[PDB]
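Student: requesting a structural model of the entry that follows:
(one chain, ligands or ions: 4)
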Amino acid sequence: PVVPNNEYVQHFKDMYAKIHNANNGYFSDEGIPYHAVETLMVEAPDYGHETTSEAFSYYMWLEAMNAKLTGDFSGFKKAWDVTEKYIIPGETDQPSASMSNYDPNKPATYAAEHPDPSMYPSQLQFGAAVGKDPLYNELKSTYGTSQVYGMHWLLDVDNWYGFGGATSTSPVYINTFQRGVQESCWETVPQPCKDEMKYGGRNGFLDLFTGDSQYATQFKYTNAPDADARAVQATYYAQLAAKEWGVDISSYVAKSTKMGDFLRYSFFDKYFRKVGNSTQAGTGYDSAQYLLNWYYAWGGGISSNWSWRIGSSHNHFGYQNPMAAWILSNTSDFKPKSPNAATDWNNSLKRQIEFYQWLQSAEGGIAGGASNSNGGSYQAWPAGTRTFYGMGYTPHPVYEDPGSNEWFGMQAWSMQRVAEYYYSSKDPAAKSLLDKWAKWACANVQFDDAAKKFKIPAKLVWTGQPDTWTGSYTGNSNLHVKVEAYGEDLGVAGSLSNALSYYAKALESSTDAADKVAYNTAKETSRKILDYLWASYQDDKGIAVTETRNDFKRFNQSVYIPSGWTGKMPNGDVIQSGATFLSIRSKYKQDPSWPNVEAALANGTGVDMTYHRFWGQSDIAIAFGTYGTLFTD
Ligand SMILES: OC[C@H]1O[C@@H](O[C@H]2[C@H](O)[C@@H](O)[C@H](O[C@H]3[C@H](O)[C@@H](O)[C@H](O[C@H]4[C@H](O)[C@@H](O)[C@H](O[C@H]5[C@H](O)[C@@H](O)[C@H](O)O[C@@H]5CO)O[C@@H]4CO)O[C@@H]3CO)O[C@@H]2CO)[C@H](O)[C@@H](O)[C@@H]1O
Ligand SMILES: OC[C@H]1O[C@@H](O[C@H]2[C@H](O)[C@@H](O)[C@H](O)O[C@@H]2CO)[C@H](O)[C@@H](O)[C@@H]1O
Ligand SMILES: [Ca+2]
Ligand SMILES: [Ca+2]
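Tutor: Residues are numbered from 1 along each chain as shown. Ligands and ions are numbered 1, 2, ... in the order given. There you are, the coordinates:
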């Protein structure tokens, strides 16, 4: 098997070597990748040595590219082994006795989401409608268990919060976001996924978030569907390589298909309400939205046996993955064991591609998404709401502090998947979607050829709304995106290169003159991104550059705590009204970057940091490998 030998393949190999080099500090003792090498870091995780299911999926992807280029699959197997061991909840995390006591006719109890954290805890409404869960019985029959095989999104890799006790550095399942659209990462109260009431207040942390007349010890986990989908995508790339090299990784393929099987929960409305008629309880698949939603979650009792499951009514274009959907529905190797799984995924594939098209702005950037639950409490939609299969348009799904579609990264991450899907399937429904998107992307990459540097969009601003979906793209004349600021986010730049590489390669077979022009532009833009990354942005640990974090003023962000509510963090930090992000995370003041931060805050400056995010370094490496494999020039 003659593997490509050019400088881009070598750049990958060099990056791979840096990421795996012990001196650089990317991995924990368990072999778990951190969110970032640097500890003082807040953006979705709120500590740099937390990690995410996202990081695990990127780890898988990185190792898959390495296996493609070298024929060594040991690293990929290792990545899956650590995933299954540490981020997919096991027996002690989600007790089988509770999971087996699930009632698919009563999946959960309704509670409203609210526009501000001060309105929490939210009261459980036991009389409110909840639909039927149509997946549970099939999954249980297929796998012979009621337990869920999906990754939880957030892991405290070295027990930094101390929820695992005073003398442990073993990983701990934790969660943060609980209090709705206005709870930023600066406004949360971190909690253990297993709330045994050892920490927090009288009822642990539970009564900060949910209102009930009594509280029992319990576990609760939350999936990030975009990460599990990336796991499927990565494992597919690994499998192509495996057939090329004659290596058997079938049991790992089986892991990914099992995960993809459970990932179908991301197709469903939060409380299984009918799609487009959301005051009504669903009776099965009528509550299927068929996109990758913001999460599914599941939980249950520790001291006694009971359980619940929810989907999410909210959908963001940035989470979608037509590549994963295609893998699960239209390849034989990755047909999941559940009888209906491939069909469901095929329906999701079609729906996802329609979704990208519906949200494509006049300029070409993809707009936010859509929800089956206005205000997260099934409020009536305003007259004139623009819709997609009955779901109302939302410029910033789920979160507005900041808007969840303000970040340009969603554009790259998500369109990379469309591009890879398009290269793999040549689905014509994606072509114009990609053409228009690529032009916009390329128009917003600003090269400084003399310096061998560049900028790409950092923050996006949206106005207007799409035309309601009727089956074909309209050009969406009244839906607009503006680039408000540019920057040097190199991980995103890597992803963008990846997307442009697949798009160009997919156009390579076209004889149309305009396609030949688009091919040249996308390919050249990708190559220039990679060349400038390599030439100008290398440092000892990988490829990185300083970024300014003005948002770090929110270290002093007030955190809402109900009047009369008192509690403590494991380290003794007092939790009461008047709390701040920092007051309940005092160990941050022990961080080596802290003096610089507090000095910056002292003189009202923004904080300068140079970060090596595992996903960012991985996207960059993978972009090198991708360009090096698709274009053997
Ligand atoms: O407790 C006893 C009682 O439980 C009943 O059920 C309740 C349960 O108590 C509640 O906890 C549960 O609540 C969920 C909320 O409704 C839901 O909004 C919330 O959503 C969060 C999610 O927790 C969080 O992980 C998530 O994170 C994302 C980040 O935003 C992203 O940046 C990142 O990339 O990805 C993650 C996604 O993985 O944000 C979302 C949304 O903001 O989750 C709560 C639980 O975790 O509701 C249950 C039913 O309503 C039970 O029914 C009774 O029987 C029992 O007595
Ligand atoms: O939440 C999506 C994505 O966010 C990533 O962080 C971004 C952040 O959204 C943006 O505001 C900041 O300026 O840039 C960072 C990183 O480039 C985060 O790294 C991911 O974990 C997360 O999936
Ligand atoms: Ca550890
Ligand atoms: Ca807020």
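Student: from here on, contacts and neighbour counts on C-alpha atoms
Tutor: Fine.
Student: wait, isn't residue 281 in contact with residue 127?
Tutor: No: with contacts defined as Cα atoms under 8 Å, residue 281 does not count as touching residue 127, sitting 11.8 Å away.
Student: report the longest helix in this protein, please.
Tutor: Ranked by residue count under DSSP state H, the longest helix found in the chain is helix 513-536.
Student: check which residues of that helix are buried.
Tutor: Neighbour-count burial for helix 513-536 flags 515, 518-519, 521-534 (criterion: 16 or more other Cα atoms under 10 Å).
Student: ditto for stretch 228-246
Tutor: For stretch 228-246, by 16+ other Cα under 10 Å, it's 228-239, 241-242, 245.
Student: please apply the same query to stretch 618-632.
Tutor: Quick answer for stretch 618-632 (16+ other Cα under 10 Å): 618-629.
Student: again with stretch 546-557
Tutor: The neighbour-count check on stretch 546-557 (16+ other Cα under 10 Å) flags 552-555, 557 as buried.
Student: list the contacts for the closest residue to residue 368 other than its chain neighbours?
Tutor: Once flanking residues are discounted, residue 368 sits nearest to residue 395: 4.4 Å by Cα to Cα, 6 or more residues apart in numbering. Counting by Cα atoms under 8 Å, 6 or more residues apart in numbering, residue 395 makes contact with 367-370, 405, 462.
Student: again, only using 7 Å
Tutor: Going by Cα atoms under 7 Å, 6 or more residues apart in numbering, residue 395 touches 367-369, 405.
Student: that one and residue 228, how far apart?
Tutor: 24 Å (Cα to Cα, to the nearest Å).
Student: strands along the stretch 101-250 of the chain, start to end?
Tutor: With DSSP state E, counting those that start in this stretch as the criterion, the stretch 101-250 of the chain has strands at 110-111, 122-125, 154-156, 172-175, 191-192, 194-195, 210-211, 218-222.
Student: neighbour count for residue 281 and residue 127, which is higher?
Tutor: Neighbours were counted for residue 281 and for residue 127 using other Cα atoms under 10 Å; residue 281 has more, 19 against 8.
Student: around the residue lying closest to the more buried one once chain neighbours are set aside, count how many other residues there are.
Tutor: Leaving out its chain neighbours, the residue that sits closest to residue 281 by Cα to Cα, 6+ apart is residue 131, at 4.1 Å. Using other Cα under 10 Å, residue 131 has 24 other residues around it.
Student: ok, now which ones touch the closest residue to residue 162 other than its chain neighbours?
Tutor: Spatial nearest neighbour of residue 162, chain neighbours left out: residue 570 (5.3 Å); criterion: Cα to Cα, 6+ apart. The contact partners of residue 570, by Cα under 7 Å, 6+ apart, come to 161-163, 199.
Student: before we move on, what about residue 186?
Tutor: 554, 557, 581.
Student: now it: how far from residue 420?
Tutor: From residue 186 to residue 420 the distance is 35 Å (Cα to Cα).
Student: parallel or antiparallel, which strands does the helix or strand encompassing residue 300 pair with?
Tutor: Element membership for residue 300 (DSSP states H and E) is strand 297-301. Using DSSP bridges, the strands paired with strand 297-301 are strand 218-222 (antiparallel), strand 307-310 (antiparallel).
Student: re earlier: narrow the contacts of residue 570 to those in helices?
Tutor: Secondary structure from DSSP H places none of those in helices.
Student: buried sites along the helix or strand harbouring residue 75?
Tutor: Per DSSP H and E, residue 75 falls inside helix 74-86. Residues of helix 74-86 classed as buried by neighbour count (16+ other Cα under 10 Å): 75-77, 79-80, 82-84, 86.
Student: next SSE after that helix?
Tutor: Next helix or strand after helix 74-86 toward the C-terminus (DSSP H and E): helix 96-99.
Student: neighbours of the residue in the stretch 201-350 of the chain positioned nearest to ligand 4, how many?
Tutor: Using Cα to the ion, the closest approach of the stretch 201-350 of the chain to ligand 4 is made by residue 209 at 15.7 Å. By other Cα under 10 Å, 18 other residues sit near residue 209.
Student: dump stretch 67-77 to PDB, keeping only the CA atoms.
Tutor: Presented in PDB, the C-alpha positions along stretch 67-77 are these (Å, rounded to 0.1, in the frame of the first residue of the first chain):
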ATOM      1  CA  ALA A  67      -3.400   4.900  10.700                       C
ATOM      2  CA  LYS A  68      -4.300   5.900   7.100                       C
ATOM      3  CA  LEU A  69      -0.800   7.300   6.600                       C
ATOM      4  CA  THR A  70       1.300   4.700   8.500                       C
ATOM      5  CA  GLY A  71      -0.700   1.500   8.800                       C
ATOM      6  CA  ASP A  72      -0.400   1.400  12.600                       C
ATOM      7  CA  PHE A  73      -3.900   1.200  14.100                       C
ATOM      8  CA  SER A  74      -2.800   0.700  17.700                       C
ATOM      9  CA  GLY A  75      -3.300   4.400  18.600                       C
ATOM     10  CA  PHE A  76      -6.800   4.400  17.200                       C
ATOM     11  CA  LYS A  77      -7.700   1.300  19.200                       C
END
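Student: circling back: just the residues contacting the helix holding residue 75, thanks.
Tutor: Counting by Cα under 7 Å, 6+ apart, 31-32, 56, 59-60, 63-64 sit against helix 74-86.
Student: and stretch 493-501, is it in reach of ligand 2?
Tutor: No: if you take Cα under 6 Å from any ligand atom as the test, stretch 493-501 misses ligand 2, and the best it gets is 9.8 Å.
Student: and the residue nearest to the spatial centre of the chain, how far from ligand 3?
Tutor: The chain has residue 226 as the residue nearest its centroid, 4.4 Å off, counting by Cα atoms, centre = their mean. For residue 226, the distance to ligand 3 (Cα to the ion, to the nearest Å) stands at 25 Å.
Student: is it true that that residue touches residue 318?
Tutor: No: contact criterion Cα atoms under 7 Å: residue 226 and residue 318 do not qualify, at 8.1 Å.
Student: how is this protein partitioned into domains?
Tutor: The chain resolves into domains spanning 1-88+136-151+223-294+311-545+611-632, 89-135+152-222+296-310, 546-610 when parsed by curated CATH domains.
Student: isn't the residue nearest to residue 281 up against residue 271?
Tutor: Yes: with contact defined as Cα under 7 Å, residue 131 reaches residue 271; the gap is 6.2 Å.
Student: list the residues that are in contact with both of those two.
Tutor: Among the neighbours of residue 131, none is also in contact with residue 271 (Cα under 7 Å, 6+ apart).
Student: hey, what's the closest residue to ligand 4 within the stretch 251-400 of the chain bridged with?
Tutor: Per Cα to the ion, residue 400 is where the stretch 251-400 of the chain lies closest to ligand 4, at 8.0 Å. Beta-bridge partners for residue 400, by DSSP bridges, are residue 403.
Student: do you know how far it is from residue 293?
Tutor: 17 Å.
Student: more crowded one of the two?
Tutor: The residue with more neighbours, out of residue 400 and residue 293, is residue 293; 30 against 17, by other Cα under 10 Å.
Student: residue 118: which of the contacts of residue 186 is nearest?
Tutor: In terms of Cα to Cα, no member of the contacts of residue 186 lies closer to residue 118 than residue 557, at 14.1 Å.
Student: so that closest one touches residue 581, yeah?
Tutor: Yes: judged on Cα under 7 Å, residue 557 makes contact with residue 581 at a distance of 5.6 Å.
Student: so what sits against both of these two?
Tutor: 186-187.
Student: chain center to the helix holding residue 75, what's the gap?
Tutor: Relative to its parent chain, helix 74-86 has a centroid offset of 19 Å by Cα atoms, centre = their mean, to the nearest Å.
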